[PDB]
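One chain is shown next in structure tokens, namely the form deposited in one PDB entry.
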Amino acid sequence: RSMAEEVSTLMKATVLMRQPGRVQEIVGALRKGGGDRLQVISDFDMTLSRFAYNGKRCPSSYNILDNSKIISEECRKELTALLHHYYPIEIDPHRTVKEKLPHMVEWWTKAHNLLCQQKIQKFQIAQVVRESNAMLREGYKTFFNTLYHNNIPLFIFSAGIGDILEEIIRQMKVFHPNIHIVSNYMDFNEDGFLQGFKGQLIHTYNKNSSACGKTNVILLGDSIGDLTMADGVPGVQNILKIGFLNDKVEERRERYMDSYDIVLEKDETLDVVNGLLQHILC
């Protein structure tokens, strides 16, 4: 497609809205509020990255490192053992979020620590991403170019590895300087060897703005948990929440429609988001 074809209105067949009139009010407030007040807060995996390509499942960006040749079989077995231990805690309906926090911190820290026992060098991150079949949603060029041209900050949150995310966007030539990645970044020594992780730890239950005049927000996600990503932004006046519903659609549709203003069901593209951005940014 040309970049001019990377735009769609809200009448697209993938679009669901519980309150279409409220959506129009929100969009109107964002437009009249101006580009100078806007920020975009987005999840990465299966939101900006693509779930399927002409119906064929794409690999998850979360699995790029774990599925690559730069970690040993021993390390892969240990990461699987951590998953089998901690995943039941993550999904336990009898524990509060606060109760899950120390265990998620422990899981993420142990998994990062295992990576630090490998012999990973910085240049290998780009290699493993180059060899992966991970893809960005169709229409990413217009999405990233529009936010960059209009000076709109884009905060991309991910509980995965920041270096992997960053490399995907870099290799697609859209790593523009309005992008601010909030994720788990590796720390490399002067010889380029992985020696630790930097900064705030981002796991599934603290992926929000407490980890980072832009009082108007567009939030993009694909999970129910992603609805909290703007928590911690001070003074938000208007927010539009857009959710991609990629799978388990019968189980999830009603809850997604009650919680997100716009749901995009089985939509491999950013076209509806790009159309809203063009309308909002005039």
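Whichever C-alpha set is largest while still superposing within 1.5 Å between the two forms counts as the rigid core. All residue numbers are counted from 1 along the displayed sequence.
The following text describes the form deposited in another entry, which does not appear among the structures shown.
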Inset, instruction - Indicate whether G55 shows a C-alpha shift of 2 Å or more between the shown form and the other one, with the rigid core used for the fit. - result: yes
Legend entry - C-alpha of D92 moved at least 2 Å between the shown form and the other one on rigid core: yes
Legend entry - Direction of Cα pair change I262-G55 in the other form, magnitude 3 angstroms or more: farther
Legend entry - Closer or farther in the other form, the Cα atoms of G55 and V263, when the shift from this form is 3 Å or more: farther
